[PDB]
Amino acid sequence: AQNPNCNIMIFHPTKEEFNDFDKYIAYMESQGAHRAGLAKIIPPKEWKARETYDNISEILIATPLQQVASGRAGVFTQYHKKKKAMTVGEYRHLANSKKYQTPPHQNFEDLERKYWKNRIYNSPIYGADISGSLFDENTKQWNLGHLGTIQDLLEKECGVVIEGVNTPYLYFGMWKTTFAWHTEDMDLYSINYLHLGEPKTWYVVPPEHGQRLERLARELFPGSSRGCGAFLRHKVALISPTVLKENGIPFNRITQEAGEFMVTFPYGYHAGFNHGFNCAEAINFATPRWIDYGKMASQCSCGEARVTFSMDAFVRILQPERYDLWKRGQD
Ligand SMILES: O=C(O)CNC(=O)C(=O)O
Ligand SMILES: [Mg+2]
Ligand code: NI
Ligand SMILES: [Zn+2]
């Protein structure tokens, strides 16, 4: 078995190997990459996502989210308070302000220490989940707006044609902006490109050990667990590396820098934080190997998780027994 310790693997494809996206994902899996839940892909030196980022300031962040924490430094939840619209140029200026900017630090490890010590005492503002793309249309390789769609994959594998679409999302971050512990909708893959700016630190639990994280989460967030049998679908709970190590939960960490891709694998729980002003693009995708994960994915039916239009068909076809209850939670 390849990668039996479930380490995060880093790949350096050549420009030739960068042509065929599906083939490269299958290659990484042949080497055991998926066992970690997360892999890094450093693009060939010849590749670029677009020519420059000089003209992005007029993108609108219609609903910036202030991430307000509750709990203790290593075990907390966050809620999202909606803020007034602002442009990316306005948000960048805010991120760089004395109130929100990255503090002085020695290295990534020092900054990680400061994040876990101090995150709860601040409320950073995240421009998340913005439909759109920063890839130039002429970028042919690993262009996250030109991927094969999940609907087409389900149709190829299973023969059933379904409604729905699959488009990317932009994320504008600042120091301390946080993504809570989650797997993807329907335990899909994700791919995330850091277009510009400061790094993003990731934590990940191997898929084979995801239920260990779920059991800890039920212990640590006991009211939330009574409220919903899949409350990590709400995407609000944080648990620090120190707490994970105290509780024997297997995990790994890595920092993504500008110009790098990350892939999350089916049922790979992940969480993390941004170092400073940045912009990422991410989208979900599927492969043949996903289908069995999609069939077994948990679902929130309490009403909190509320997701896209396109998830309806996935539930309906892959999980017909759950459909009725899950759809009630959507309506
Ligand atoms: O970058 C973020 O805030 C969150 N991204 C992801 O969870 C992802 O790409 O799967
Ligand atoms: Mg612009
Ligand atoms: Ni994710
Ligand atoms: Zn729920």
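Since chain A takes its numbers from Swiss-Prot, the residues it shows come out as 11-341.
Backbone N, Cα and C define each Cβ position, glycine as well.
Swiss-Prot marks one residue of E27, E119 as polyADP-ribosyl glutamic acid, namely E27. Take the Zn(2+) site that Swiss-Prot assigns to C238, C310, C312: the candidate from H219, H244 listed for it is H244. Among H115, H156, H280, only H280 appears in Swiss-Prot as part of the Fe cation site alongside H192, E194. Listed recorded positions: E26, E27, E194. The one with the lowest count of other Cβ atoms within 10 Å of its Cβ is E26.
Shown for the domain 'JmjN' (18-60): DSSP residue counts in helix, strand and coil, namely 14 helix, 7 strand, 22 coil.
Taking a Cβ distance under 6 Å to any atom of ligand 1 as the criterion, the recorded positions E26, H244, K245, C312 reduce to none.
Using a 10 Å radius centred on the Cβ of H192 (Fe cation binding site) and all shown protein chains, the other Cβ atoms total 19.
Annotation for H280 (Fe cation binding site): same-chain Cβ neighbours under 8 Å, separated by at least 6 residues, are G47, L48, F189, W191, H192, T193, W212, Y213, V214, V215, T274.
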